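> Here it is, the structure, as structure tokens.
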Amino acid sequence: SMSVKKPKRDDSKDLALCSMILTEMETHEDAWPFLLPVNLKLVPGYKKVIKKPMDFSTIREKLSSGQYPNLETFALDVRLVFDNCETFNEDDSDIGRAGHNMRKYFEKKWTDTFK
């Protein structure tokens with residue numbers, strides 16, 4: 001509360017460490033469905049159904065330009081990528097399996113880096 005603060009957690013390396021995690025996600029072999037925004041002209045149903053599209057390139061640009069105020073808003077956009085993928089893709093599809101694999105991969109790096 002006012003003039004009563006928990007001890008200051010060091011957040012000075014968060015930007016660098018989120019960039020490293022994002023590099024690792026970008027270079028995973030199963031990243032291909034997620035590297036670029038879904039083409040809303042060429043993929044029927046996507047625009048209407050997925051209210052907030054997100055992809056790794058868009059996260060990378062937001063990261064590079066100070067549009068994440070803290071590491072939790074970064075994790076929210078990464079998770080949005082996989083939540084979108086589950087919304088639109090069957091579990092038993094290549095893209096559906098990719099998304100599960102990537103989410104697992106991300107969540108381990110997140111835990112090991114920050115928790």
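Residue names in the structure tokens use chain letters A, B, ... in the order shown, residue numbers from 1 in each chain, and ligand numbers from 1 in the order shown.
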Could you pull out the helix (DSSP H, G or I) residues of stretch 2-64 of chain A from DSSP and send them as an MDAnalysis selection string?
chainID A and resid 14:26 29:31 46:49 56:64
> Might you pull out every residue within 12 Å of residue A:56, with only C-alpha atoms counted and same-chain residues fewer than 2 positions away left off, and present them as a VMD selection string?
chain A and resid 19 21 to 28 31 to 38 53 to 54 58 to 63 74 to 75 77 to 82 102
> In Å, with one decimal, what is the gap from atom CA of residue A:55 to atom CA of residue A:104?
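So the two atoms, atom CA of residue A:55 and atom CA of residue A:104, lie 16.5 Å apart.
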> From the options A:49, A:85, A:43, A:71, which residue's atoms come nearest to residue A:13, counting only C-alpha atoms?
A:71
> For residue A:68, which residue out of A:88, A:7, A:15, A:108 is the nearest one, using only C-alpha atoms?
A:15
